[PDB]
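A.B. asks: Protein sequence lines correspond, in order, to chains B and A.
All the letters of the first sequence, read from the start, carry residue numbers 30 to 80, 88 to 181 under the deposited numbering.
All the letters of the second sequence, read from the start, carry residue numbers 30 to 80, 87 to 181 under the deposited numbering.
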Amino acid sequence: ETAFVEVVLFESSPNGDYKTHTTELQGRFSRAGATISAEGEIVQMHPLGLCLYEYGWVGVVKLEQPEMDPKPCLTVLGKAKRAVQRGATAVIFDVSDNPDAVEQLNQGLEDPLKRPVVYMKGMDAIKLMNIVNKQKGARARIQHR
Amino acid sequence: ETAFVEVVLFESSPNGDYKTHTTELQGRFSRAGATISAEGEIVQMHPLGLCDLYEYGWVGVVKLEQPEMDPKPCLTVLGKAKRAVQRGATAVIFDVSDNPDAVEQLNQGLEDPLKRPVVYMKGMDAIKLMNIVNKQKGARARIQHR
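1) Mind checking whether B:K98 and B:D136 have CB atoms under 9 Å apart?
2) Nearest CA to the CA of A:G144: which residue from A:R60, A:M104, A:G56?
3) Just to confirm, is the Cβ distance from B:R122 to B:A67 under 9 Å?
4) State the CB to CB distance for the pair A:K163 and A:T52, rounded to an integer number of angstroms; the pair is presumed to be in contact (CB under 8 Å).
5) Please name the residue, chosen from B:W93, B:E139, B:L88, B:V94, that lies closest to B:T111 on a Cα-to-Cα basis.
6) Put B:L38 into one of helix, strand or coil per three-state DSSP.
7) Under the DSSP definition of a beta bridge, which residues are partnered with B:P152?
8) Name the residue from A:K117, A:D87, A:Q73, A:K172 whose alpha carbon lies nearest to the alpha carbon of A:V94.
9) Of all the residues that make up the segment 130-143 of chain A, which are near chain B by a beta-carbon distance shorter than 9 Å?
10) Runs of 4 residues minimum, wholly inside the segment 120-150 of chain A: which ones carry the alpha helix (DSSP H) assignment?
11) So which residues on chain B does A:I128 lean against when the C-beta distance must stay under 7 Å?
12) For A:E30, count neighbouring Cβ atoms within 10 angstroms of its own Cβ and tell me buried if that reaches 16, exposed if not.
13) In its own chain, which residues sit with a C-beta less than 8 Å from the C-beta of B:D105, not counting the 5 before and 5 after it?
14) Return the first residue and the last residue of the alpha helix (DSSP H) that A:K163 is part of.
15) Got a sec: which bits of the segment 34-45 of chain B sit with their beta carbon under 7 Å from any beta carbon on chain A, in order along the chain?
16) Can you tell me whether DSSP reads B:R175 as helix, strand or coil?
17) For B:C80, which residues of its own chain have a beta-carbon under 6 Å away from its beta-carbon, when the five flanking residues on both sides are left out?
18) Measuring CB to CB, does A:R175 end up less than 9 Å from B:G92?
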């Protein structure tokens, strides 16, 4: 099922009102996690960063070439789990560089997380990084329709 | 339609992890805002307080006054919802227990709906909501369309 991800940039206009810009993106809900909507501020994690942020962040993790990390500290599902335990309301992996991560997550072996675990690639990941990379405050609204 | 609201208390466990306690509550989405999901930190707002910056993305909770308490209200209850979004609310949850007439007003159809959810809660759920909000600091609201 498709995860409709809205990524919102924001600047507090001087008087308290917010100026925002929204970009709508898409990934899929993995079997590894729940298929629910979720939302919160984006934290960009390095994939090795998962071996205190305020509760309810949306982890964004750009996975790396499998041959960069030969004996990885955890499985990609393990990494997501650790994120949640550390207060993530959702995890979005950019699997552009680790396309086999997908089959690994959808392997349906452990029963799922109660939070979403979304995978993104191609154009949408590029845009997700285009935004994340440049702006401190960005918000993710992950929507199951 | 029903708004399925999970309120989550939380505090850090001594090792980086979070200990949490979750409470599932219900309200309805009103025609004044979308019927979508939304999540964020609760900010309890006095109803007269929509007439100081908050981190974008908060879920405002507003317990409405007995109508005879506010004779000259700065805004319609939809106006306060709308003002809250503009100040970075991701959703508004009104406790309507003391002002049941606000429901009919919120569902009026007259103005465009907000792109954010505007939920109302009453009776028991709202009690349970304020029970958590008034005591607990560090409360996250997850509002869910199913």
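We put the beta carbon where it would ideally sit given N, CA and C, even for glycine.
C.D. replies: To lay it out plainly:
1) No. Outside cutoff.
2) Comparing Cα positions, the closest option is A:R60.
3) Taking a C-beta distance under 9 Å as the contact criterion, B:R122 and B:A67 do not qualify as a contact pair.
4) At roughly 6 Å, the Cβ-Cβ gap stays under 8 Å, so A:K163 and A:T52 are in contact.
5) Comparing C-alpha distances from B:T111 to each of B:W93, B:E139, B:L88, B:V94 shows the shortest one belongs to B:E139.
6) Three-state result, B:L38: strand.
7) According to DSSP, which records beta bridges pairwise, B:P152 is partnered with B:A63.
8) In terms of CA proximity to A:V94, A:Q73 leads the group A:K117, A:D87, A:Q73, A:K172.
9) The segment 130-143 of chain A vs chain B, Cβ under 9 Å: nothing.
10) Within the segment 120-150 of chain A, the complete alpha helix (DSSP H) runs of at least 4 residues are 136-141.
11) Result: empty, since nearest Cβ-Cβ is about 15 Å, beyond 7 Å.
12) By the 10 Å Cβ count, A:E30 comes out exposed.
13) Shown here for B:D105: same chain residues with a beta carbon closer than 8 Å to its own, the five before and five after excluded, namely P76, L77 in chain order.
14) 158-170 is the extent of the alpha helix (DSSP H) around A:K163.
15) Listed by position, the residues of the segment 34-45 of chain B near chain A (Cβ gap below 7 Å) are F39, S41, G45.
16) Strand at B:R175.
17) Apart from sequence neighbours up to five positions away, the residues of its chain that approach B:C80 with a beta-carbon distance below 6 Å are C109, ordered along the chain.
18) Yes; because the gap between Cβ atoms is below 9 Å, this pair is in contact.
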